[PDB]
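Fold and contact review
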Amino acid sequence: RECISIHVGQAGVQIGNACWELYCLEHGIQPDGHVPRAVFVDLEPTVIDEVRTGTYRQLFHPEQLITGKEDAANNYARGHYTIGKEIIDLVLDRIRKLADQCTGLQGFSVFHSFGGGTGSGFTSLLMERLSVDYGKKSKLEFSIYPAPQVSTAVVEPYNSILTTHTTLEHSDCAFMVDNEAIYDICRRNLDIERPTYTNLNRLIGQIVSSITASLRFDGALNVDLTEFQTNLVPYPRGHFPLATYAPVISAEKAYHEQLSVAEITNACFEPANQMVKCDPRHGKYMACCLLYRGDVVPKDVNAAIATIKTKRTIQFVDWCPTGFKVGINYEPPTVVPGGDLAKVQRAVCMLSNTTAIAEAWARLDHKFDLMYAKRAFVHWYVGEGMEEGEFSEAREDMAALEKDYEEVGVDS
Amino acid sequence: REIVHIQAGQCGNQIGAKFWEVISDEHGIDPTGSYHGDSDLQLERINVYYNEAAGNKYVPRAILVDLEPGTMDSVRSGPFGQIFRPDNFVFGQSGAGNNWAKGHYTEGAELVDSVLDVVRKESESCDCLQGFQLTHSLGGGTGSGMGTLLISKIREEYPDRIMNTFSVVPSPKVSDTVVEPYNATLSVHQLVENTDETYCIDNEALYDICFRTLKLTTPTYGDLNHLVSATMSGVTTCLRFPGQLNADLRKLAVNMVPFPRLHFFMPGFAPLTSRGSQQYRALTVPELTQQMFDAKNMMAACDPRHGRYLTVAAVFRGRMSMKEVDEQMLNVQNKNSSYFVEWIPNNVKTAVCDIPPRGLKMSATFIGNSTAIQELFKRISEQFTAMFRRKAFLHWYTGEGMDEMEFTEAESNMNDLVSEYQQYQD
Ligand SMILES: CC(=O)O[C@H]1C(=O)[C@@]2(C)[C@H]([C@H](OC(=O)c3ccccc3)[C@]3(O)C[C@H](OC(=O)[C@H](O)[C@@H](NC(=O)c4ccccc4)c4ccccc4)C(C)=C1C3(C)C)[C@]1(OC(C)=O)CO[C@@H]1C[C@@H]2O
Ligand SMILES: Nc1nc2c(ncn2[C@@H]2O[C@H](COP(=O)(O)OP(=O)(O)OP(=O)(O)O)[C@@H](O)[C@H]2O)c(=O)[nH]1
Ligand SMILES: Nc1nc2c(ncn2[C@@H]2O[C@H](COP(=O)(O)OP(=O)(O)O)[C@@H](O)[C@H]2O)c(=O)[nH]1
Ligand SMILES: [Mg+2]
Ligand SMILES: [Zn+2]
């Protein structure tokens with residue numbers, strides 16, 4: 001029934017504090033109410049401390065807040081092997097101590113930031129140690145994969161080609177939200193050149209609320225977590241769909257809010273609104289899980305979608321007749337009291353697997369090579385319990401992820 | 001986390017006074033007083049530079065190494081001079097001769113053990129050690145020789161903790177000493193092989209940047225020092241503050257050093273406007289990157305425009321949009337694709353603290369790893385040969401128990417170091 005969550009890496013923790021905020025906010029549980037149902041991991045104390053100093057301070061147990069005073073290191077190796085190792089046990093312990101206390105759970109919603117040290121590496125083995133300790137569950141990892149041109153870390157790809165290959169054979173469904181492609185939404189669909197990280201977080205903090213929160217919440221067309229991976233992954237590769245939200249209108253500027261279904265659903269497939277720089281440049285969808293929430297008439301959907309199924313310029317895979325999982329919830333969304341999110345009475349958090357990422361992975365793989373081609377910051381990992389193996393052998397890994405996402409599509 | 005500063009030589013020392021003059025105020029620590037901190041955040045992370053004893057006396061955890069009493073006895077007899085626990089003063093009343101050899105093999109080699117002693121008392125302080133800060137000048141005895149030894153020993157004692165080095169590489173135009181390239185070439189040698197992050201500053205790159213970027217007409221040393229100390233505060237201490245995207249020595253190290261040499265950077269501060277007038281506030285952000293990335297404004301002597309970059313780290317510290325930050329950096333990376341090296345898709349390492357420099361609204365330290373610094377070790381290396389060839393003031397070295405193969409060694413080494421760096425400019 002439940003779904004634990006492990007927010008790993010400063011980012012996964014910032015986003016965590018955010019997604020965790022939106023929660024109580026739409027459940028009437030102020031600062032000090034019940035008890036969360038997740039944990040927080042980081043090898044840099046000062047960040048988890050922010051959850052220990054700032055807002056939502058006492059809504060957590062100093063037990064579900066793991067820290068390694070030591071060093072973060074923007075390098076996979078160190079975070080996965082060398083350092084990150086020391087903490088893992090302890091980490092697990094909570095996701096085994098928190099996993100027990102419950103009643104027939106469904107899985108762990110993992111929150112990490114692909115291209116980091118504590119986020120890429122660590123998790124790599126966290127999800128790793130999970131796939132074995134609970135192979136019998138769902139492993140949906142919600143990632144924030146590398147901005148297409150606006151990356152931060154100098155190594156980023158090293159850290160992301162490595163978190164992909166190690167987690168690939170362990171996740172159930174990996175959701176992806178592109179940090180940059182979300183900015184566009186903040187520039188083009190909300191207008192603000194002042195987007196603090198605290199915003200992107202409010203956003204995913206939204207799209208995510210549509211996943212677990214409301215879905216695990218009764219409705220006219222419930223959709224379990226398992227449901228996802230089933231209706232969402234055509235193949236064992238921990239396939240990565242993309243998150244998209246519909247009413248991303250500004251709560252100040254424009255106001256046409258009352259945008260009946262027929263509109264908000266069409267607003268999902270236009271590439272300028274998908275929290276991912278993977279513009280459907282060719283990527284044929286192969287399965288979409290349209291999660292609606294608020295006042296929505298099933299016919300409105302079983303029509304708004306029909307209209308789409310016949311737009312053709314939206315070309316769905318061949319081997320897939322119908323790939324539209326319609327998830328209907330009741331309670332409308334719940335916008336921050338005064339952030340910058342419109343606040344409509346219905347939304348569409350549609351996520352999907354698109355042959356599109358054939359790109360995004362490509363463009364991120366290429367990156368890697370360029371540097372590896374010169375070993376660049378390699379000495380930083382080797383000296384951290386890794387080898388020419390793990391790199392070269394994780395490169396070959398993704399290689400067959402560029403072929404995979406190619407074969408499962410583009411062909412009939 | 002933590003670090004333990006090291007004031008090698010007079011310069012490195014003189015600067016200590018300025019690095020601590022600053023940092024303290026950037027942490028509300030009065031002479032011997034405690035934390036008067038205008039805020040409450042300038043305290044949760046202080047440890048990085050102090051120690052708890054009394055309850056109002058957080059003492060800087062640095063080392064003051066020097067073979068010339070008068071110096072430390074000027075730093076200890078002035079302003080903040082009375083905050084260092086006397087135990088910190090590792091003096092060498094000997095003749096602090098201006099010979100690299102006199103402070104690395106003969107005179108300094110003795111005072112070393114009585115230093116390492118303390119560098120251990122401070123390291124084994126508490127919590128977890130990160131690395132050590134090292135200030136000095138590569139143009140003298142107590143600086144290049146004895147300080148370059150202090151590290152060769154440090155890096156044998158904790159090849160784990162990092163080693164940032166702040167070197168005052170011999171300014172071009174005019175040398176404030178004569179053997180300079182001797183004391184220098186010999187210390188850079190030791191650097192390229194122990195510390196793993198070096199920030200090279202040039203007394204004349206400063207003047208310039210201090211007489212034209214600060215209409216300042218009488219730039220006393222105190223100033224130069226002050227400007228420098230401003231950068232080393234943005235680097236370390238800063239990142240030991242919160243931030244949307246914070247880093248720390250390692251991130252800085254693990255994002256800036258593609259190849260083990262250690263490589264040297266060139267620090268640059270952001271708001272560098274003259275007092276009254278200039279107080280233009282054009283600091284939205286494009287103004288800071290405008291600054292940081294220009295030629296002038298690079299504490300180094302060489303000009304970036306004269307050689308690609310391998311890595312860059314804009315360590316900003318003042319509330320800004322992870323969008324207008326992450327964005328700007330890009331155009332910058334495209335307007336100058338020419339010089340920014342290609343085999344690194346994203347050279348730049350954007351870092352973002354929150355709280356800014358006490359009295360300012362928005363700043364951003366720049367730590368550049370450009371291939372341009374090739375054209376400096378060249379300089380140094382040249383000066384050597386031109387004088388080595390004739391063994392100029394060599395008797396002051398050998399006569400101090402040195403080797404004719406020692407000088408050969410260093411030059412070559414550091415000389416090769418020039419070579420390599422070009423391997424990327426191409
Ligand atoms: C009324 C007002 O706003 O005054 C400003 C000011 O006029 C200007 C010109 C300051 C001023 O700085 C200088 O004139 C300067 C003198 C020698 C060497 C270098 C700089 C200032 O003195 C410096 C001072 O800086 C700080 O307070 C920072 O926290 C800074 N502190 C120190 O350097 C410091 C100085 C003395 C004692 C202890 C610390 C800092 C910067 C980075 C990291 C840590 C601390 C500031 C904003 C000002 C004055 C006071 C006029 C500027 O410099 C800095 C470092 O902020 C010079 O260009 C900037 C722009 C500022 O607006
Ligand atoms: N959406 C979003 N992205 C973030 C946030 N914080 C960081 N990121 C992104 O995630 C990556 C940064 O990872 P880091 O913060 O460097 O590292 P980490 O993953 O926390 O772990 P370490 O490297 O060990 O510190 C970059 O690509 C950032 O753009 C956040 O709050 N929200
Ligand atoms: N920025 C700066 N440079 C200094 C200071 N003092 C000496 N220098 C420089 O250091 C070099 C001389 O070395 P010195 O410090 O006297 O050596 P030592 O004292 O024998 O170790 C010259 O290039 C000077 O410009 C200072 O307070 N600030
Ligand atoms: Mg972190
Ligand atoms: Zn309307």
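Per chain, the count goes from 1 following the written sequence and can depart from the entry's numbering; residues without coordinates do not appear at all. Labels follow written order: the first chain is A, the first ligand is 1, and so on. Only hydrogens and water are set aside when side-chain values are computed; all heavy atoms of the structure are taken into account.

- Method of determination, as given in the entry header: electron crystallography; reported resolution: 3.5 Å.

- The name given to chain B in the PDB entry is tubulin beta chain, and the organism recorded there is Bos taurus.
- In the PDB, the entry goes by the title "Refined structure of alpha-beta tubulin from zinc-induced sheets stabilized with taxol".

- The PDB entry annotates chain A as tubulin alpha chain originating from Bos taurus.

**Remarks on the overall build of chain B**
- What chain B contains, in helices and strands, is 14 helices and 10 strands.
- C-alpha atoms define the radius of gyration, and 2.2 Å times the number of residues to the power 0.38 defines the globule rule. Since a compact globule built from 426 residues should have a radius of gyration of about 22 Å, the 20 Å found for chain B is in line with a globular shape.
- With the C-alpha coordinates aligned to their principal axes, the bounding extent of chain B is approximately 60 × 55 × 45 Å.
- Counting every position in chain B, which comprises 426 residues, the buried fraction comes to 63%.
- Every residue pair with non-hydrogen atoms within 4.5 Å of one another is taken to be in contact. Within chain B, residue pairs in contact and separated by at least 24 positions form 83% of the contacts whose partners lie at least 6 positions apart.
- When charges are counted, neither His nor the chain ends are considered; positive counts come from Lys and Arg and negative counts from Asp and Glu. To locate a charge, take atom NZ for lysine, CZ for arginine, CG for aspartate or CD for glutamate. Positive and negative side-chain charges of chain B, numbering 37 and 52 respectively, have mean locations separated by a distance of 6 Å. Think of it this way: any DSSP run of H or I at least four residues long counts as a helix, any run of E at least two long counts as a strand, and we number them from the N terminus. For every residue, the accessible area obtained with a 1.4 Å probe (protein chains only) is divided by the maximum for its type, and the residue is called buried under 20%, exposed over 50%, and partly exposed between those limits.

**Comments concerning a nonpolar patch on the surface**
- Taken together, the side chains of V178(B), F393(B) and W396(B) define a hydrophobic patch exposed on the protein surface, amounting to about 330 Å² of accessible area.
- By secondary structure assignment, the location of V178(B) is in the loop between β5 (162-167) and α6 (181-191). A patch consists of residues whose relative accessible area exceeds 30% and which take part in no salt bridge; residues with like charges are grouped when within 9 Å of each other, and nonpolar side chains (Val, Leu, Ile, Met, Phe, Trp, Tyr) when within 5 Å. Under the convention used here, a 1.4 Å probe and the Shrake-Rupley method define accessible areas, while residue burial counts only the protein chains that appear. Any carboxyl oxygen of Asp or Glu within 4 Å of a side-chain nitrogen of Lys or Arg constitutes a salt bridge here.

**Details of the domain arrangement of chain B**
Residues and elements named next belong to chain B.
- Bear in mind that the domain bounds are from an automatic or database domain assignment. The domain architecture assigned to chain B consists of domain 1 (1-258), domain 2 (259-372) and domain 3 (373-426).
- Relative to domain 3, the C-alpha centre of domain 2 lies at a distance of 31 Å.
- Taken residue by residue, the interface counts 18 residues in domain 2 and 12 residues in domain 3.
- Around 1,300 Å² of area is buried between domain 2 and domain 3 when both sides are counted, 56% of it from carbon and sulfur atoms. Values labelled buried area give the accessible surface lost by two parts on being combined, using a 1.4 Å probe and summing over both.

**So, the site of ligand 2**
All names here are of chain A.
- Contacts to ligand 2 come from 21 residues, most closely from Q10, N74, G117, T118 and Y197.
- Throughout this description, a polar contact denotes any pair of N or O atoms lying within 3.5 Å of each other; where both atoms belong to protein, one of them has to be capable of donating a hydrogen while the other can accept it, and for residues adjacent in sequence the pair is counted only when both atoms sit in side chains. A distance of 2.5 Å separates an oxygen atom of ligand 2 from a polar backbone atom of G117.
- Within the side chain of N201, a nitrogen or oxygen atom sits 2.8 Å from a nitrogen atom of ligand 2.
- Taken together, the elements giving at least two residues each to the shell around ligand 2 come down to α1 (9-25), α5 (117-133) and α8 (197-215).
- By residue number, the principal contributor to the shell around ligand 2 is α1, which donates four residues.
- Three categories are distinguished: nonpolar for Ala, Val, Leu, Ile, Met, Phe, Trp, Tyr, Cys and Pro, charged for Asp, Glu, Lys and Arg, and polar for the others, with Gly belonging to the last. Looking at the shell around ligand 2 residue by residue, the classes come out as seven nonpolar, 12 polar and two charged. Residues are classed as near a molecule or strand on a simple rule: at least one heavy atom within 4 Å of it.

**A look at the site of ligand 3**
All names here are of chain B.
- Taken together, 15 residues lie around ligand 3, and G143, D176, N203, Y221 and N225 are the ones closest in.
- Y221 places a polar side-chain atom, nitrogen or oxygen, 2.8 Å from an oxygen atom of ligand 3.
- In the complex, the protein chains occlude 91% of the 580 Å² of accessible area that ligand 3 would expose alone.
- The element that contributes the greatest number of residues to the shell around ligand 3 is helix α5 (residues 141-157), accounting for three residues.
- Among the residues forming the shell around ligand 3, the class breakdown is two nonpolar, 11 polar and two charged.

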